[PDB]
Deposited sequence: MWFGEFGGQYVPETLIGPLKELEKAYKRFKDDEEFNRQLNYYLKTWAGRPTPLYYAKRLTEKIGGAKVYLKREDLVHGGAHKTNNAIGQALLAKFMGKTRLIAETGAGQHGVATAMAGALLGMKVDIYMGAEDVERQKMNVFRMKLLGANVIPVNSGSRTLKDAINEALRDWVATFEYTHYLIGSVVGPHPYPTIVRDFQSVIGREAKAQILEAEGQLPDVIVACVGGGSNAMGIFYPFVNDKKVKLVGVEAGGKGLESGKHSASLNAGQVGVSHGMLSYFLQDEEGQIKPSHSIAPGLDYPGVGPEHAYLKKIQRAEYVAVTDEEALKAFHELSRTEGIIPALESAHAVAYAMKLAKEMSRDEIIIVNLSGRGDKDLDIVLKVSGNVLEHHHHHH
């Protein structure tokens, strides 16, 4: 339940029963031969795993530093790493005899992934989404509707991601017997941070095998963007015991760390409790304060407790990249490698480019390209302008 001082089950007593049932089911099914057969089958044939590890040769040469590989989570079904978690939890839900899935979403990407997994497995899907995010993400709302999911606008509180999570928790207490609450990052009360990390760790396991095959050795650095932290945990976790491999999580620097408009919880937040977990949050008064990022998936005031832990024990380092830096990396990757990255993933690219220039040419960097940029074209069109 804890990662050092972070994690826990900071929830009302009505949630402890449901969380214990989930913890017991997961402990049984995680190593069950039939569950993993079906999971791997769906990941292979429906999601398209494994994804490749791609040597960004032009980008490497242009910077003239370390070798930059991209783990291509942009190629999984739906365009983001979120699918790995959505399938895992939706299948777990089916094996527990649940008929309905609920989920929070802010950017809409998790909402879409949950709706896809729900469609696949013949399950009912309701997505809680803050009204401000509904307005901002008209196309993802439409994807969810096409996929057969029902989107429920959340009008309470700040009308955004944190409020959707709380409304989803309120639903789950009343409906847990037939409903699984499908959380979209390594956040929330135990066992969710563990379950989501476990279902994303396939990224790192593939990456480790692919890099040893491609280069005969472990990478020097692994770089991943961090919103809540699931894609980073997925690629990090199989290298945690490899002491030589530096892990770098990249948070949303927004308009700048001193601008007050960012989502860098580990960098500038404080220890706090929200959504069932003890972790780092941006807060003023005790009030969990609004976050910002040009990348909608990084727009969350908190962070997963396992990242707080890895930062505390200094196993991983955490940095911030601004909106402008990510936007330059989005354009740069597109025209240098013909890969349009997600704006979230562009933060990790942006940092990797700075980091490669310093490092030696014999050394190796893996960047987790967590998603594709199709979803972000409207945004980039507005902000970068038509060209």
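Unmodelled segments of the deposited chain, in sequence order: 285, 389-396.
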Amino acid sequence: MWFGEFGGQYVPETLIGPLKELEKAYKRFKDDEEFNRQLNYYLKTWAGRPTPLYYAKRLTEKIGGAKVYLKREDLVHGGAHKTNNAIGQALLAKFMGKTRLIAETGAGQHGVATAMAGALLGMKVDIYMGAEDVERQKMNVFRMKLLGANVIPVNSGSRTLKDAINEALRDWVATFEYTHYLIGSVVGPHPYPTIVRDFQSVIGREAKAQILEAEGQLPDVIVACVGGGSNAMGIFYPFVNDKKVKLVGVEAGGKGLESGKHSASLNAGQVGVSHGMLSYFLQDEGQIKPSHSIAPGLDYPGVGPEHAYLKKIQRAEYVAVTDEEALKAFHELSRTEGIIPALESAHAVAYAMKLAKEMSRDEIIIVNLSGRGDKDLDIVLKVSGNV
From here on, numbers count along this sequence of modelled residues.
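Averaged over their C-alpha atoms, the temperature factors of 287-295 and 180-188 are higher for 287-295. Relative to one another, 81-89 and 236-244 have unequal mean CA B-factors, and 236-244 is the one with the higher figure. Taking only the listed residues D126, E73, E104, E215, the entry reports the highest CA temperature factor at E215.
Highest CA B-factor among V226, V112, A209, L278, as stated in the entry: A209. Ranked against the other modelled residues of its chain, the C-alpha B-factor of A320 as given in the entry falls in the middle third. Among the modelled residues of the chain, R197 sits in the lowest third by CA temperature factor in this PDB entry.
Among the modelled residues of its chain, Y69 has a C-alpha B-factor that falls in the highest third according to the deposited record. Compared with the other modelled residues of the chain, the Cα B-factor recorded for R58 ranks in the highest third. Among the modelled residues of its chain, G272 has a C-alpha B-factor that falls in the lowest third, as given in the PDB entry.
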